[PDB]
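Data file: entry04.pdb. Format and content: PDB, C-alpha atoms and all ligand atoms.
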ATOM      1  CA  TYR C1316     -23.868  -2.793   3.939  1.00  0.00           C
ATOM      2  CA  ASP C1317     -21.253  -2.117   6.659  1.00  0.00           C
ATOM      3  CA  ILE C1318     -19.577   1.325   6.076  1.00  0.00           C
ATOM      4  CA  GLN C1319     -16.830   0.516   8.657  1.00  0.00           C
ATOM      5  CA  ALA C1320     -15.919  -3.041   7.494  1.00  0.00           C
ATOM      6  CA  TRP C1321     -13.112  -1.858   5.261  1.00  0.00           C
ATOM      7  CA  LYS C1322     -10.828  -1.081   8.200  1.00  0.00           C
ATOM      8  CA  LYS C1323     -10.473  -4.641   9.562  1.00  0.00           C
ATOM      9  CA  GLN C1324     -10.339  -5.903   5.926  1.00  0.00           C
ATOM     10  CA  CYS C1325      -7.374  -3.556   5.341  1.00  0.00           C
ATOM     11  CA  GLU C1326      -5.720  -4.633   8.594  1.00  0.00           C
ATOM     12  CA  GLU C1327      -5.964  -8.306   7.535  1.00  0.00           C
ATOM     13  CA  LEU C1328      -4.649  -7.476   4.031  1.00  0.00           C
ATOM     14  CA  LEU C1329      -1.679  -5.580   5.563  1.00  0.00           C
ATOM     15  CA  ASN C1330      -1.041  -8.679   7.766  1.00  0.00           C
ATOM     16  CA  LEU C1331      -0.936 -10.834   4.594  1.00  0.00           C
ATOM     17  CA  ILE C1332       1.395  -8.309   2.927  1.00  0.00           C
ATOM     18  CA  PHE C1333       3.759  -8.301   5.934  1.00  0.00           C
ATOM     19  CA  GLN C1334       3.861 -12.211   5.761  1.00  0.00           C
ATOM     20  CA  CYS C1335       4.859 -11.969   2.023  1.00  0.00           C
ATOM     21  CA  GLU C1336       8.611 -12.171   1.434  1.00  0.00           C
ATOM     22  CA  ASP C1337       8.155  -9.762  -1.486  1.00  0.00           C
ATOM     23  CA  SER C1338       7.181  -7.002   0.995  1.00  0.00           C
ATOM     24  CA  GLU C1339      10.462  -6.966   2.940  1.00  0.00           C
ATOM     25  CA  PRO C1340      12.001  -3.963   1.007  1.00  0.00           C
ATOM     26  CA  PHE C1341       8.795  -1.975   1.591  1.00  0.00           C
ATOM     27  CA  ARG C1342       8.066  -2.646   5.275  1.00  0.00           C
ATOM     28  CA  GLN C1343       9.933   0.407   6.542  1.00  0.00           C
ATOM     29  CA  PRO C1344      11.019   3.739   5.000  1.00  0.00           C
ATOM     30  CA  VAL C1345      13.807   3.536   2.392  1.00  0.00           C
ATOM     31  CA  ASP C1346      17.166   4.063   4.157  1.00  0.00           C
ATOM     32  CA  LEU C1347      18.906   7.184   2.849  1.00  0.00           C
ATOM     33  CA  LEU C1348      22.307   5.788   3.862  1.00  0.00           C
ATOM     34  CA  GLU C1349      21.738   2.808   1.472  1.00  0.00           C
ATOM     35  CA  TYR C1350      20.223   5.056  -1.319  1.00  0.00           C
ATOM     36  CA  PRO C1351      21.742   8.543  -0.889  1.00  0.00           C
ATOM     37  CA  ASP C1352      19.969  10.245  -3.808  1.00  0.00           C
ATOM     38  CA  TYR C1353      16.560   8.732  -2.967  1.00  0.00           C
ATOM     39  CA  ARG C1354      14.977  12.108  -2.109  1.00  0.00           C
ATOM     40  CA  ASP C1355      16.379  13.701  -5.292  1.00  0.00           C
ATOM     41  CA  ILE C1356      13.963  11.465  -7.270  1.00  0.00           C
ATOM     42  CA  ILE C1357      11.193  10.605  -4.802  1.00  0.00           C
ATOM     43  CA  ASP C1358       9.178  13.514  -3.376  1.00  0.00           C
ATOM     44  CA  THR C1359       6.888  11.478  -1.129  1.00  0.00           C
ATOM     45  CA  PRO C1360       8.296   8.391   0.556  1.00  0.00           C
ATOM     46  CA  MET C1361       5.823   5.739   1.616  1.00  0.00           C
ATOM     47  CA  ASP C1362       6.065   2.269   3.156  1.00  0.00           C
ATOM     48  CA  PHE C1363       3.783  -0.398   4.679  1.00  0.00           C
ATOM     49  CA  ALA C1364       4.581   0.432   8.329  1.00  0.00           C
ATOM     50  CA  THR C1365       3.530   4.070   7.707  1.00  0.00           C
ATOM     51  CA  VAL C1366       0.328   2.804   6.006  1.00  0.00           C
ATOM     52  CA  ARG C1367      -0.456   0.461   8.935  1.00  0.00           C
ATOM     53  CA  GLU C1368       0.288   3.173  11.504  1.00  0.00           C
ATOM     54  CA  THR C1369      -1.950   5.682   9.660  1.00  0.00           C
ATOM     55  CA  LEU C1370      -4.775   3.100   9.591  1.00  0.00           C
ATOM     56  CA  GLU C1371      -4.330   2.176  13.277  1.00  0.00           C
ATOM     57  CA  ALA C1372      -4.273   5.829  14.340  1.00  0.00           C
ATOM     58  CA  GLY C1373      -7.713   6.301  12.721  1.00  0.00           C
ATOM     59  CA  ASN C1374      -6.182   8.659  10.143  1.00  0.00           C
ATOM     60  CA  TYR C1375      -7.714   7.070   7.026  1.00  0.00           C
ATOM     61  CA  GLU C1376     -11.344   7.949   6.341  1.00  0.00           C
ATOM     62  CA  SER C1377     -11.811   5.421   3.512  1.00  0.00           C
ATOM     63  CA  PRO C1378     -10.046   2.473   1.850  1.00  0.00           C
ATOM     64  CA  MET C1379      -9.463   4.713  -1.216  1.00  0.00           C
ATOM     65  CA  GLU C1380      -7.084   6.835   0.892  1.00  0.00           C
ATOM     66  CA  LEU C1381      -5.209   3.692   2.048  1.00  0.00           C
ATOM     67  CA  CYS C1382      -5.100   2.414  -1.558  1.00  0.00           C
ATOM     68  CA  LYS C1383      -3.606   5.776  -2.753  1.00  0.00           C
ATOM     69  CA  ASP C1384      -0.762   5.421  -0.176  1.00  0.00           C
ATOM     70  CA  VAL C1385      -0.106   1.737  -1.050  1.00  0.00           C
ATOM     71  CA  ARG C1386       0.007   2.624  -4.767  1.00  0.00           C
ATOM     72  CA  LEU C1387       2.537   5.376  -3.928  1.00  0.00           C
ATOM     73  CA  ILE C1388       4.838   2.640  -2.483  1.00  0.00           C
ATOM     74  CA  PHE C1389       4.732   0.918  -5.880  1.00  0.00           C
ATOM     75  CA  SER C1390       5.051   4.071  -8.033  1.00  0.00           C
ATOM     76  CA  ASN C1391       8.070   5.133  -5.896  1.00  0.00           C
ATOM     77  CA  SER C1392       9.711   1.781  -6.602  1.00  0.00           C
ATOM     78  CA  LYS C1393       8.984   2.172 -10.348  1.00  0.00           C
ATOM     79  CA  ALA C1394      10.373   5.739 -10.371  1.00  0.00           C
ATOM     80  CA  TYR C1395      13.562   4.869  -8.432  1.00  0.00           C
ATOM     81  CA  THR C1396      14.409   1.591 -10.174  1.00  0.00           C
ATOM     82  CA  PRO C1397      17.468   1.803 -12.443  1.00  0.00           C
ATOM     83  CA  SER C1398      16.018  -1.050 -14.538  1.00  0.00           C
ATOM     84  CA  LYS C1399      12.663  -2.703 -15.211  1.00  0.00           C
ATOM     85  CA  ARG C1400      14.484  -5.988 -14.368  1.00  0.00           C
ATOM     86  CA  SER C1401      15.879  -4.919 -10.953  1.00  0.00           C
ATOM     87  CA  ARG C1402      15.228  -7.261  -8.009  1.00  0.00           C
ATOM     88  CA  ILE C1403      13.416  -4.770  -5.728  1.00  0.00           C
ATOM     89  CA  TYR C1404      11.261  -3.513  -8.609  1.00  0.00           C
ATOM     90  CA  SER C1405      10.367  -7.081  -9.610  1.00  0.00           C
ATOM     91  CA  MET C1406       9.265  -7.750  -5.984  1.00  0.00           C
ATOM     92  CA  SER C1407       7.119  -4.573  -6.080  1.00  0.00           C
ATOM     93  CA  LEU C1408       5.321  -5.707  -9.255  1.00  0.00           C
ATOM     94  CA  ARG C1409       4.329  -9.054  -7.726  1.00  0.00           C
ATOM     95  CA  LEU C1410       3.288  -7.463  -4.462  1.00  0.00           C
ATOM     96  CA  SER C1411       1.264  -4.838  -6.416  1.00  0.00           C
ATOM     97  CA  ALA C1412      -0.562  -7.611  -8.311  1.00  0.00           C
ATOM     98  CA  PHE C1413      -1.354  -9.356  -4.979  1.00  0.00           C
ATOM     99  CA  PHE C1414      -2.513  -6.080  -3.384  1.00  0.00           C
ATOM    100  CA  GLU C1415      -4.742  -5.086  -6.393  1.00  0.00           C
ATOM    101  CA  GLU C1416      -6.298  -8.584  -6.443  1.00  0.00           C
ATOM    102  CA  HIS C1417      -7.264  -8.279  -2.744  1.00  0.00           C
ATOM    103  CA  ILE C1418      -8.176  -4.554  -2.469  1.00  0.00           C
ATOM    104  CA  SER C1419     -10.708  -4.697  -5.295  1.00  0.00           C
ATOM    105  CA  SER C1420     -13.530  -6.237  -3.183  1.00  0.00           C
ATOM    106  CA  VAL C1421     -12.705  -3.965  -0.239  1.00  0.00           C
ATOM    107  CA  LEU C1422     -13.162  -0.891  -2.425  1.00  0.00           C
ATOM    108  CA  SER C1423     -16.269  -2.305  -4.099  1.00  0.00           C
ATOM    109  CA  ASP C1424     -17.937  -3.258  -0.815  1.00  0.00           C
ATOM    110  CA  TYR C1425     -17.187   0.128   0.770  1.00  0.00           C
ATOM    111  CA  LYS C1426     -18.460   2.158  -2.207  1.00  0.00           C
ATOM    112  CA  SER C1427     -21.594  -0.041  -2.374  1.00  0.00           C
ATOM    113  CA  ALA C1428     -22.199   0.363   1.403  1.00  0.00           C
ATOM    114  CA  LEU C1429     -21.767   4.147   1.105  1.00  0.00           C
ATOM    115  CA  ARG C1430     -24.188   4.332  -1.837  1.00  0.00           C
ATOM    116  CA  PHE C1431     -26.706   2.337   0.238  1.00  0.00           C
ATOM    117  CA  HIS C1432     -26.200   4.731   3.172  1.00  0.00           C
ATOM    118  CA  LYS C1433     -26.939   7.749   0.939  1.00  0.00           C
ATOM    119  CA  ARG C1434     -29.839   6.145  -0.998  1.00  0.00           C
TER     120      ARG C1434
HETATM  121  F1  LIG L1501      17.543  -0.385  -5.557  1.00  0.00           F
HETATM  122  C1  LIG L1501      16.267  -0.261  -5.965  1.00  0.00           C
HETATM  123  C2  LIG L1501      15.866  -0.914  -7.124  1.00  0.00           C
HETATM  124  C3  LIG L1501      14.525  -0.846  -7.504  1.00  0.00           C
HETATM  125  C4  LIG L1501      13.598  -0.097  -6.749  1.00  0.00           C
HETATM  126  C5  LIG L1501      14.018   0.558  -5.596  1.00  0.00           C
HETATM  127  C6  LIG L1501      15.365   0.477  -5.177  1.00  0.00           C
HETATM  128  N1  LIG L1501      15.882   1.092  -4.024  1.00  0.00           N
HETATM  129  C7  LIG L1501      14.988   1.833  -3.118  1.00  0.00           C
HETATM  130  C8  LIG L1501      14.246   0.910  -2.241  1.00  0.00           C
HETATM  131  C9  LIG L1501      12.864   0.834  -2.203  1.00  0.00           C
HETATM  132  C10 LIG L1501      12.598  -0.168  -1.301  1.00  0.00           C
HETATM  133  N2  LIG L1501      13.798  -0.640  -0.830  1.00  0.00           N
HETATM  134  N3  LIG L1501      14.843  -0.003  -1.399  1.00  0.00           N
END
File written out as structure tokens:
Amino acid sequence: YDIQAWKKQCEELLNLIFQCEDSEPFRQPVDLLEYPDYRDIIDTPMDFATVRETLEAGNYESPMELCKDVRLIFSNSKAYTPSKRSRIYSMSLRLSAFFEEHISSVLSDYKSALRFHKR
């Protein structure tokens, strides 16, 4: 029933993601000195520190907004990868599976709580 519970749930999920070794390439913005043409392919950079900071600033209204930004981290990795077998891309697929497995109940509980609020 709690319309605000998603925020702490997302904080705890981001804590789990930061503990995951697979998140290391995604914890901070992609370095343009390491990948000079990054912005020629990727229009909207995103990373987990920017997601956490947006959440902690009170700049997400719902877990769907957070989920859209986290998914952008993974679609950027898929768009920039030179191969479907690359190391960083392979790490993003596992991390995406972990994130989707955990965010599902957060989204369901929030949407259910909001429907109850507007009943
Ligand atoms: F070299 C790559 C292979 C596959 C996906 C992404 C990259 N480089 C960009 C990046 C993203 C996060 N860390 N570095």
Sort by chain and increasing residue number a table of all residues of chain C within 7 Å of ligand LIG 1501 (chain L), each with its closest pair of atoms and their distance in Å to one decimal, counting all atoms listed in the file, and write it as JSON lines.
{"residue": "C:1340", "atom": "CA", "partner": "L:LIG1501", "partner_atom": "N2", "distance": 4.2}
{"residue": "C:1341", "atom": "CA", "partner": "L:LIG1501", "partner_atom": "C10", "distance": 5.1}
{"residue": "C:1345", "atom": "CA", "partner": "L:LIG1501", "partner_atom": "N2", "distance": 5.3}
{"residue": "C:1350", "atom": "CA", "partner": "L:LIG1501", "partner_atom": "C7", "distance": 6.4}
{"residue": "C:1392", "atom": "CA", "partner": "L:LIG1501", "partner_atom": "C4", "distance": 4.3}
{"residue": "C:1393", "atom": "CA", "partner": "L:LIG1501", "partner_atom": "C4", "distance": 6.3}
{"residue": "C:1395", "atom": "CA", "partner": "L:LIG1501", "partner_atom": "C5", "distance": 5.2}
{"residue": "C:1396", "atom": "CA", "partner": "L:LIG1501", "partner_atom": "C3", "distance": 3.6}
{"residue": "C:1397", "atom": "CA", "partner": "L:LIG1501", "partner_atom": "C2", "distance": 6.2}
{"residue": "C:1401", "atom": "CA", "partner": "L:LIG1501", "partner_atom": "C3", "distance": 5.5}
{"residue": "C:1402", "atom": "CA", "partner": "L:LIG1501", "partner_atom": "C2", "distance": 6.4}
{"residue": "C:1403", "atom": "CA", "partner": "L:LIG1501", "partner_atom": "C3", "distance": 4.4}
{"residue": "C:1404", "atom": "CA", "partner": "L:LIG1501", "partner_atom": "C3", "distance": 4.4}
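Separating CA of residue 1423 (chain C) from CA of residue 1344 (chain C) is a distance of 29.4 Å.
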Run the PyMOL selection byres (((chain C and resi 1407) around 8) and not hetatm) mentally over the shown coordinates, then write out the matched residues as a PDB file with C-alpha atoms, in the frame of the given file, using the chain letters and numbers from the document.
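Wrote it out as expr.pdb, contents follow:
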ATOM      1  CA  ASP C1337       8.155  -9.762  -1.486  1.00  0.00           C
ATOM      2  CA  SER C1338       7.181  -7.002   0.995  1.00  0.00           C
ATOM      3  CA  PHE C1389       4.732   0.918  -5.880  1.00  0.00           C
ATOM      4  CA  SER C1392       9.711   1.781  -6.602  1.00  0.00           C
ATOM      5  CA  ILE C1403      13.416  -4.770  -5.728  1.00  0.00           C
ATOM      6  CA  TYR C1404      11.261  -3.513  -8.609  1.00  0.00           C
ATOM      7  CA  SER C1405      10.367  -7.081  -9.610  1.00  0.00           C
ATOM      8  CA  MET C1406       9.265  -7.750  -5.984  1.00  0.00           C
ATOM      9  CA  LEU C1408       5.321  -5.707  -9.255  1.00  0.00           C
ATOM     10  CA  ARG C1409       4.329  -9.054  -7.726  1.00  0.00           C
ATOM     11  CA  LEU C1410       3.288  -7.463  -4.462  1.00  0.00           C
ATOM     12  CA  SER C1411       1.264  -4.838  -6.416  1.00  0.00           C
TER      13      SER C1411
END
### Task
Quick one: everything within 12 Å of residue 1328 (chain C), counting all atoms listed in the file, minus sequence neighbours fewer than 2 positions away in the same chain. Send it as a ChimeraX atom specification.
/C:1321-1326,1330-1335,1363,1366-1367,1370,1378,1381-1382,1385,1410,1413-1421
For a cutoff of 8 Å around the file-coordinate point (-19.2, -7.7, 4.0), which residues qualify once you count only C-alpha atoms? I'd like the result as a ChimeraX atom specification.
/C:1316-1317,1320,1424
Output C-alpha atoms for every residue in that selection, as a PDB file, in the coordinates of the input.
ATOM      1  CA  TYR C1316     -23.868  -2.793   3.939  1.00  0.00           C
ATOM      2  CA  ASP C1317     -21.253  -2.117   6.659  1.00  0.00           C
ATOM      3  CA  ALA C1320     -15.919  -3.041   7.494  1.00  0.00           C
ATOM      4  CA  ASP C1424     -17.937  -3.258  -0.815  1.00  0.00           C
TER       5      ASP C1424
END
Adding 3 Å on each side of the box along x, y and z that holds all listed atoms of region 1327-1334 of chain C, could you give its centre and edge lengths in Å to one decimal, as lines of an AutoDock Vina configuration file?
center_x = -1.1
center_y = -8.9
center_z = 5.3
size_x = 15.8
size_y = 12.6
size_z = 10.8
Computed gap from CA of residue 1339 (chain C) to CA of residue 1319 (chain C) is 28.9 Å
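Considering all atoms listed in the file, the residue among C:1357, C:1394, C:1348, C:1318 positioned nearest to residue 1422 (chain C) is C:1318.
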Pairwise distance, CA of residue 1329 (chain C) with CA of residue 1388 (chain C), equals 13.2 Å
Restore N, CA, C and O atoms in region 1361-1372 of chain C and list the result as a PDB file, in the coordinates of the input.
ATOM      1  N   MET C1361       6.919   6.464   1.000  1.00  0.00           N
ATOM      2  CA  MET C1361       5.823   5.739   1.616  1.00  0.00           C
ATOM      3  C   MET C1361       6.251   4.290   1.812  1.00  0.00           C
ATOM      4  O   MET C1361       7.073   3.771   1.072  1.00  0.00           O
ATOM      5  N   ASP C1362       5.734   3.665   2.836  1.00  0.00           N
ATOM      6  CA  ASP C1362       6.065   2.269   3.156  1.00  0.00           C
ATOM      7  C   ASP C1362       4.895   1.623   3.920  1.00  0.00           C
ATOM      8  O   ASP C1362       3.994   2.334   4.374  1.00  0.00           O
ATOM      9  N   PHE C1363       4.920   0.290   4.084  1.00  0.00           N
ATOM     10  CA  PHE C1363       3.783  -0.398   4.679  1.00  0.00           C
ATOM     11  C   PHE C1363       3.630  -0.143   6.159  1.00  0.00           C
ATOM     12  O   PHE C1363       2.505  -0.192   6.632  1.00  0.00           O
ATOM     13  N   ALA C1364       4.725   0.120   6.892  1.00  0.00           N
ATOM     14  CA  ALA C1364       4.581   0.432   8.329  1.00  0.00           C
ATOM     15  C   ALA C1364       3.886   1.780   8.497  1.00  0.00           C
ATOM     16  O   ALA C1364       3.012   1.911   9.346  1.00  0.00           O
ATOM     17  N   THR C1365       4.213   2.761   7.647  1.00  0.00           N
ATOM     18  CA  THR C1365       3.530   4.070   7.707  1.00  0.00           C
ATOM     19  C   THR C1365       2.053   3.898   7.341  1.00  0.00           C
ATOM     20  O   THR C1365       1.173   4.431   8.032  1.00  0.00           O
ATOM     21  N   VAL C1366       1.747   3.040   6.346  1.00  0.00           N
ATOM     22  CA  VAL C1366       0.328   2.804   6.006  1.00  0.00           C
ATOM     23  C   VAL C1366      -0.405   2.180   7.200  1.00  0.00           C
ATOM     24  O   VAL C1366      -1.485   2.637   7.575  1.00  0.00           O
ATOM     25  N   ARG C1367       0.161   1.125   7.793  1.00  0.00           N
ATOM     26  CA  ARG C1367      -0.456   0.461   8.935  1.00  0.00           C
ATOM     27  C   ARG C1367      -0.638   1.409  10.107  1.00  0.00           C
ATOM     28  O   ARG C1367      -1.706   1.423  10.722  1.00  0.00           O
ATOM     29  N   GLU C1368       0.381   2.222  10.392  1.00  0.00           N
ATOM     30  CA  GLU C1368       0.288   3.173  11.504  1.00  0.00           C
ATOM     31  C   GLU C1368      -0.790   4.221  11.243  1.00  0.00           C
ATOM     32  O   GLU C1368      -1.525   4.573  12.160  1.00  0.00           O
ATOM     33  N   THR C1369      -0.925   4.687   9.988  1.00  0.00           N
ATOM     34  CA  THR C1369      -1.950   5.682   9.660  1.00  0.00           C
ATOM     35  C   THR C1369      -3.335   5.074   9.863  1.00  0.00           C
ATOM     36  O   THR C1369      -4.219   5.724  10.430  1.00  0.00           O
ATOM     37  N   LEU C1370      -3.518   3.816   9.429  1.00  0.00           N
ATOM     38  CA  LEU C1370      -4.775   3.100   9.591  1.00  0.00           C
ATOM     39  C   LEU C1370      -5.092   2.926  11.074  1.00  0.00           C
ATOM     40  O   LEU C1370      -6.228   3.237  11.518  1.00  0.00           O
ATOM     41  N   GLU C1371      -4.111   2.458  11.854  1.00  0.00           N
ATOM     42  CA  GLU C1371      -4.330   2.176  13.277  1.00  0.00           C
ATOM     43  C   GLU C1371      -4.545   3.419  14.121  1.00  0.00           C
ATOM     44  O   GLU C1371      -5.220   3.338  15.150  1.00  0.00           O
ATOM     45  N   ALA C1372      -4.027   4.557  13.685  1.00  0.00           N
ATOM     46  CA  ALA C1372      -4.273   5.829  14.340  1.00  0.00           C
ATOM     47  C   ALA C1372      -5.671   6.401  14.026  1.00  0.00           C
ATOM     48  O   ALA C1372      -6.036   7.431  14.579  1.00  0.00           O
TER      49      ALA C1372
END
